[PDB]
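Here are the chains, one letter per residue:
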Amino acid sequence: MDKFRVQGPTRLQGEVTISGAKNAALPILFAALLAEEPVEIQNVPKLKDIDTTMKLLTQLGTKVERXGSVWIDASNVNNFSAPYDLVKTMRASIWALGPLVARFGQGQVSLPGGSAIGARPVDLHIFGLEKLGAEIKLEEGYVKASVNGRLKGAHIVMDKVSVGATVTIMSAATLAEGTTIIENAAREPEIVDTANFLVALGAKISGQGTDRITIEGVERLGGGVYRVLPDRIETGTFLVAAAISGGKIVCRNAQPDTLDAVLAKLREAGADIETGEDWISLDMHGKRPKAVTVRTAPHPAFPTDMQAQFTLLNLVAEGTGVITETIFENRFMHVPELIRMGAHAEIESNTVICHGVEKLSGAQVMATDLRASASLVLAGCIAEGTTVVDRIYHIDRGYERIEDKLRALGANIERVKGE
Ligand SMILES: [NH3+]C1CCCCC1
């Protein structure tokens, strides 16, 4: 069980290169199952789910190899069943289903079970494919889908916003006969990226980024080269790292327009920010941040995946700021840990009232949520003394070696294997 021993305080300054977003690479890699010709997917991070996905695609008959790019040749996919042993560690595996049924007429994916029923993640994927004409068969543990002929474009109205089902429906719709219209579509930049990838292969999609996506089916998709967009959450994490340590940083290989709400909030906290075509710089001019008011909401509003980081920012800022979480009902586990680090905060239902203090003190802390864990590592960078963040594998699965990026910004951090 690896942990990070972090010693502070350190002002974080310098440059950091933003990695491709795993949440865009994953749906794009599964979308590549639709490609009849070789595809090169650029800027793919080296993370566990990517390895899991490459192994799964290989099991389906895809030829795959990687470095910064992942090269895919799906011309001869010939096994349309994704087995339990290859999907069990990854929910994103459901994304193999739509492309398999859309292109080959059959697909099956094993699904981890549960005693809980109703609103299980895969339900909207299933019902969306059913609306496109697929015949769905369910037995605990798996979903099999097939279609007699080609899928048929349909007007689908999503009752709740779902990034996963939007990707499944949009991707499968690219090879359906006719027009598919998705109402209340998820607007996330990763949806836009997946849509642009499909268009690069020959698909006809418009409206990506808005609540209504229109797909005009085509007979087949080809191949090409496509670069995965930058990880907007990783970017926000490094911007916050500088913002809370009186730092100065330049985030390279970034995409500013996927972060409008985050950059606006950082400017409210007192940051001097400039943006370029593929970069964002932030300078606190050595000052402590000013507390801000945050309300998470669906993209393009402020992202829940930046909530823990901004709570930390408020907890060392000047003033009182309230963070309201409207997306998840229990995403505040970082708070007790920070309070153990000397922070002053009160939880009131779906909000945390923060009363900024000048300095935190090191402690042994841990959070299972990826963003909460990474925020503890950032708190460790500015706290006096030693902070030990346990169960760092959560971070490793969503950030490409965060400690090396932080160390290059001046952090004193080390991976301790065990203790
Ligand atoms: N009997 C089959 C069901 C669909 C996927 C391939 C195996």
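Structure's up top.
The rules behind each value
Residues numbered from 1 in each chain as written, not as in the entry; some residues may be left out. Heavy atoms only, no water. Residues with missing side-chain atoms left out of burial classes, pairs and counts. Near = heavy atom within 4 Å. Areas by Shrake-Rupley, 256 points an atom, 1.4 Å probe, with all protein chains shown as cover. Helix = DSSP H or I, 4+ residues; strand = E, 2+ residues; numbered from the N terminus. Nonpolar A, V, L, I, M, F, W, Y, C, P; charged D, E, K, R; others polar. Axes fitted to C-alpha atoms, helices over the stretch in contact; angles between N-to-C directions. Parallel < 35°, antiparallel > 145°, perpendicular 65-115°, else oblique. Contact = heavy atoms within 4.5 Å. Pairing = 2+ DSSP bridges. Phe/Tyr/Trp six-rings, centres within 6.5 Å; stacked < 30°, edge-to-face > 60°. Buried < 20%, exposed > 50% of the residue type's maximum accessible area, 1.4 Å probe, protein only.

Novice: I keep staring at the site of the ligand and nothing clicks. Help me out?
Specialist: Around the ligand, a shell composed of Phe80, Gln106, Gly107, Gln108 and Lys144 is seen. Burial of the ligand by the surrounding chains reaches 64%, relative to a free accessible area of 240 Å². Among the elements that line the shell around the ligand, the one with the most residues is strand 7 (residues 106-110), at three residues. Broken down by class, the residue content of the shell around the ligand amounts to one nonpolar, three polar and one charged.

Novice: Help me understand the packing of helix 1 (residues 22-31) against helix 2 (residues 48-59), please; the structure alone is not making it clear to me.
Specialist: A pair of packed helices is captured by two measures, namely the crossing angle of their axes and the spacing between those axes. Close contact between helix 1 and helix 2 brings their axes to 10 Å; oriented N to C, the two are set at 0 degrees. With respect to each other, helix 1 and helix 2 are oriented roughly parallel. On helix 2, the residues that touch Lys22, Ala25, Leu26, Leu29 and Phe30 of helix 1 are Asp49, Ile50, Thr53, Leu56 and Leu57. Residues of the contact of helix 1 with helix 2, tallied by class, amount to seven nonpolar, one polar and two charged.

Novice: Help me out: how do you make sense of the sheet that holds strand 16 (residues 272-275) in this one?
Specialist: Within a sheet, each strand pairs with its neighbour through backbone hydrogen bonds, oriented either parallel or antiparallel. Across the sheet, four strands lie side by side as 2-15-17-16; this open sheet has mixed pairing. Looking at which strands have only one partner, the edges of the open sheet turn out to be strand 2 (13-17) and strand 16. Taken over all neighbouring pairs, the strand axes of this sheet differ in orientation by 10 degrees on average, direction set aside. Two elements, strand 15 (residues 248-252) and strand 17 (residues 279-283), share five bridges in a ladder whose sense is antiparallel. Across the sheet, residue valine 250 finds its bridge partner in strand 17, namely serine 281. Lying over the sheet, helix 8 (residues 232-243) contacts strand 2, strand 15 and strand 17, oriented at roughly 170 degrees with respect to strand 15.

Novice: How should I be thinking about the packing of aromatic side chains in this particular structure?
Specialist: Working definition: an aromatic ring pair is given by the centre-to-centre distance plus the angle between the planes. Counted according to the given criterion, the structure contains three aromatic pairs. Ring centres of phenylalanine 197 and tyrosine 226 lie 5.6 Å apart, and the angle between their planes is 70 degrees; on these two criteria the pair is classed as edge-to-face. Of the two residues, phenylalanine 197 sits in helix 7 (residues 189-200) while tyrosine 226 sits in strand 14 (residues 224-227), which places them 29 residues apart along the sequence. Neither residue differs from the other here; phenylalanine 197 and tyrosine 226 are each classed as buried.

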